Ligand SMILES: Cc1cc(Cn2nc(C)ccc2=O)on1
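Take a look at this one chain, the form deposited without this ligand, written out in structure tokens.
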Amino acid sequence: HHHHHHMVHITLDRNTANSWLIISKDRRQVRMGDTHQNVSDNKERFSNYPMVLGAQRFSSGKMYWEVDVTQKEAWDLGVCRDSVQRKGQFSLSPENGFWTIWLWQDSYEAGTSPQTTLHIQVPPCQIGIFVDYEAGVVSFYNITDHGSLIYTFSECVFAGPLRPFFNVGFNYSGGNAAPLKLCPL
């Protein structure tokens, strides 16, 4: 792909984070803590899952960023509406305001309803995410495999401002403690 020149500098929004997440000083890395991180509750925090939003809001244009997923067993990545539900149980779908892919139990899937199997020969260590607001497109790229396409959501109905979306996943196994990292431009 040739989307690199739309690179944006994403930072994580502490106020949206699940209360168990640990965000680095530079707001560029996040991992699951082994306990509650001693923050007050608020209506923005994702309560049920280890999720956090980017601080940036996008309502036009073309945007690109990259995330490091090295050694993780489980994670979700993409974008979502600013007004997605924060509390209780929900599925990641475009109907609920999410355009995402994930790793779970050694398979990669796109967050359609129902979910779509992805075909990845080279397990990615870094994922590129491209959003074209006007075109209604969200695309995912395998940076480890020379930028090869993973998945394109087209005919997207954003219906609001978009925010970068992250889920570091649970760590029931003891094998999923590694962070998500926003990679430098």
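Start at 1 with the first residue shown and count on from there.
- Taking only CA atoms, the mean B-factor in the PDB entry is higher for 88 to 96 than for the other of 88 to 96 and 71 to 79.
- Mean CA temperature factor is higher for 115 to 123 when stretches 115 to 123 and 50 to 58 are set side by side in the entry.
- In the deposited entry, the Cα temperature factor of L180 places it in the lowest third of its chain's modelled residues.
- Remark: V168 belongs to the lowest third of its chain, ranked by C-alpha B-factor as recorded.
- Ranked within its chain, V138 lands in the lowest third, by CA B factor from the PDB record.
- Placement of the Cα temperature factor of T152 within the chain: lowest third of the modelled residues, per the deposited record.
- Split the chain's modelled residues into thirds by C-alpha temperature factor. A159 is in the middle one.
There is another form of the same protein, the form solved in complex with this ligand; it is not shown, and what comes next is about it.
- Comment: this ligand is not present in this chain, but in the deposited complex one of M32, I127, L53, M63 has a heavy atom within 4.5 Å of it, namely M32.
- Of the heavy atoms in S47, some are within 4.5 Å of this ligand in the deposited complex.
- In the deposited complex, this ligand sits within 4.5 Å of a heavy atom belonging to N18.
- The partner is not shown here, but in the deposited complex the stretch 157 to 185 reaches within 4.5 angstroms of this ligand through a heavy atom at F170, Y172.
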